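Fold and geometry: a report
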4 protein chains.
Amino acid sequence: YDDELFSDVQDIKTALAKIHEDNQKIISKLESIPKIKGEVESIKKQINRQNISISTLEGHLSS
Amino acid sequence: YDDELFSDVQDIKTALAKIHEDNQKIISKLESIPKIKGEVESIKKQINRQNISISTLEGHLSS
Amino acid sequence: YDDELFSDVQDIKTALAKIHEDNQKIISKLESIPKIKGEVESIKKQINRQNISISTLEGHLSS
Amino acid sequence: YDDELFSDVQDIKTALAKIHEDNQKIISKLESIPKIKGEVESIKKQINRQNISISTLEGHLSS
Ligand SMILES: [Ca+2]
Ligand SMILES: [Ca+2]
Ligand SMILES: [Ca+2]
Ligand SMILES: [Ca+2]
């Protein structure tokens, strides 16, 4: 096991450890994606109820 | 093929397998991004129709 | 250069190529993030204009 | 340290450097995810206030 190859293998291991670390940082930042999807689907639902309220107001005014 | 180099190569392979695994976890979490974009574009569309309804209500009231 | 080490180095290269490929797939899926941010900021703007229209309708009714 | 193994180790290092570079590009693209979550939660809040305004307009009209 040559010292230089040993040193380069340790460099490869260090690089791999940094990539793994960065992947978990990525997975953490992706934790709020299902929160956003949920909130967006809730907004859509609230807007639909609102469209109905405005349509009811349109009816009650046309009298 | 030195045992120690063999053992370190297996460590490199294990690290690579974990990164690959984490990439698929990342790709899975990114599956709901086109759902969010679609929903957001739908909200915008519903809001525009709503703005028109409120503008119509403004007209029908000013009579 | 031992055949077995040669074969394992080629395995390492194949694994690396798959990870690189998966990163570009990830970057592609992340292309619609600035579209979503933009649309969301537009919705907020449209909602504010709407809140004003409803407040104007409240005033015109209280007469 | 065989020249061919040396050359392949340098290829492994180059591949690792490209993946690391791509991870930071990924982390950068993920910077606007907490902006989107925040804006979406703000929209929801504005919509709720709006639903109340329309409900108040419904009351003031039914008189
Ligand atoms: Ca070196
Ligand atoms: Ca070891
Ligand atoms: Ca093998
Ligand atoms: Ca080569």
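In terms of determination method and resolution, the entry is listed under X-ray crystallography at 2.3000 Å.

Attention shifts here to the interface of chain B and chain A. On the side of chain A, 28 residues touch chain B, which itself brings 31 residues to the contact. Elements that contribute at least two residues to the side of chain B that touches chain A include exactly α1 (3-29) and α2 (33-61) of chain B. Its residues placed into classes, the side of chain B that touches chain A shows 15 nonpolar, seven polar and nine charged.

Attention now goes to the side chain of B:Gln50. With respect to the helices and strands, the residue B:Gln50 is situated in helix α2. Assessed through its relative accessible area of 1%, B:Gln50 is described here as buried. Beyond its immediate sequence surroundings of up to four residues, B:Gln50 is in contact with A:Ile47, A:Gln50, A:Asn51, A:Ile54, C:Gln50 and D:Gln50.

To continue, consider the relation of the copies chain C and chain D. Between the two copies of this chain, the relationship is a rotation about some axis together with a displacement along it. Relative to chain D, chain C is turned by 90° and slid 0.0 Å along the rotation axis, the superposed coordinates differing by an RMSD of 0.0 Å. Taken together, the rotation and translation relating the two chain copies correspond to the operation of a four-fold axis.

This part is about the interface of chain C and chain D. Every contact between the two is made by 28 residues of chain C and, on the other side, 31 residues of chain D. Counting only elements with at least two residues in the side of chain C that touches chain D, the list comes to α1 (3-29) and α2 (33-61) of chain C. It is α2(C) that provides the largest number of residues to the side of chain C that touches chain D, a total of 15 residues. Counted by class, the side of chain C that touches chain D contains 17 nonpolar, six polar and five charged residues.

What follows is about the packing of aromatic side chains. Note on aromatic pairs: each is described by the distance of the centres and the angle between the planes. Residue and element names in this part refer to chain C. For the structure on display, the rule yields four aromatic pairs over all chains. Ring centres of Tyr1 and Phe6 lie 5.5 Å apart, and the angle between their planes is 80°; this geometry places the pair in the edge-to-face category. Accessibility expressed as a relative area gives 32% for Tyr1, which makes it partly exposed. The exposure class assigned to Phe6 is partly exposed, which follows from its relative accessible area of 38%.

Those places that UniProt annotates as "binding site: Ca(2+)" correspond, in this numbering, to A:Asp8. Summarising the element assignment, A:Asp8 is placed in helix α1 (residues 3-29). Relative accessible area serves as the criterion here: at 10%, A:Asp8 is assigned to the buried category. Every residue in contact with A:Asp8, bar those within four places of it in the chain, is listed here: D:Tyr1, D:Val9 and D:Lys13. A polar atom in the side chain of A:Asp8 sits 2.6 Å from the side chain of D:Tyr1.

Our focus in this paragraph is the pattern of salt bridges. Considering all chains together, one arrives at 12 salt bridges over all chains under this definition. A salt bridge links A:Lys13 to B:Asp8; the shortest N-O distance between them is 3.1 Å. Of this pair, A:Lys13 sits in helix α1 while B:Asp8 sits in helix α1, which puts the two residues in different chains. Judged by relative accessible area, which is 25%, A:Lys13 ranks as partly exposed. In this structure, the salt-bridge partner of C:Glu39 is B:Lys44, at a minimum N-O distance of 3.2 Å. Of the two residues, C:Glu39 sits in helix α2 while B:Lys44 sits in helix α2, which places them in two different chains.

With their axes 9 Å apart at the nearest point, helix α2 (residues 33-61) of chain A and helix α2 (residues 33-61) of chain D run at an angle of 20° to one another. Between α2(A) and α2(D), the angle falls in the class roughly parallel. The handedness of the crossing between α2(A) and α2(D) comes out as left-handed. Of the residues assigned to the contact of α2(A) with α2(D), the class counts are 16 nonpolar, eight polar and six charged.

This brings us to the environment of B:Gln24. Residues and elements named next belong to chain B. Here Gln24 shows up in helix α1. As a C-alpha pair, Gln24 and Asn51 span 27 residues in sequence and 42 Å in three-dimensional space. Among the polar contacts made by the side chain of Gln24, one reaches the main-chain carbonyl oxygen of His20 at a distance of 3.0 Å.

Here is what the cut-offs are and how they apply
- Here the residues of each chain are numbered from 1 in the order the sequence is written, which can differ from the numbering of the entry; residues without coordinates are not included.
- The lettering of chains begins at A and the numbering of ligands begins at 1, in the order of writing.
- The basis for every side-chain value is the complete set of non-hydrogen atoms in the structure, without hydrogens or water.
- Residues with missing side-chain atoms are left out of burial classes, side-chain pairs and their counts.
- The criterion used for residue contact is that any of the two residues' heavy atoms lie within 4.5 Å.
- Helix and strand definitions here come from DSSP, where helices need a minimum of 4 consecutive H or I residues and strands a minimum of 2 consecutive E residues; each element is numbered from the N-terminal end.
- Classes in brief: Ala, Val, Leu, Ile, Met, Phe, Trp, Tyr, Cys and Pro nonpolar; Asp, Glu, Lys and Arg charged; the others, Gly included, polar.
- Accessible area is worked out with a 1.4 Å probe on protein chains only. A residue is then buried under 20% of its type maximum, exposed over 50%, and partly exposed in between.
- The superposition of copies relies on a least-squares fit of their C-alpha atoms.
- Aromatic rings from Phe, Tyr and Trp, taking only the six-membered ring of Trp, are treated as a pair when their centres fall within 6.5 Å; an angle between ring planes under 30 degrees marks them as stacked, one over 60 as edge-to-face, and anything in between as tilted.
- UniProt positions are given in the numbering used here, feature names are shortened, and annotations may be inferred rather than shown by experiment.
- Any N or O atom pair separated by 3.5 Å or less is treated as a polar contact, with the protein-specific requirement of one donor-capable and one acceptor-capable atom, and with residues adjacent in sequence counted only for side-chain atom pairs.
- Within this document, salt bridges are pairs made up of a side-chain nitrogen of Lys or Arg and a carboxyl oxygen of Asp or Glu, the two lying within 4 Å of each other.
- To obtain an axis, a line is fitted to C-alpha atoms, over the contacting stretch when the element is a helix, and the angle between two such axes runs from 0 to 180 degrees between their N-to-C directions.
- Orientation is classified from the angle alone, with under 35 degrees giving roughly parallel, over 145 giving roughly antiparallel, 65 to 115 giving roughly perpendicular, and any other angle giving oblique.
- In this scheme, a crossing is called left-handed if the near helix is turned counterclockwise away from the far one by less than a right angle; it is called right-handed if the turn is clockwise.

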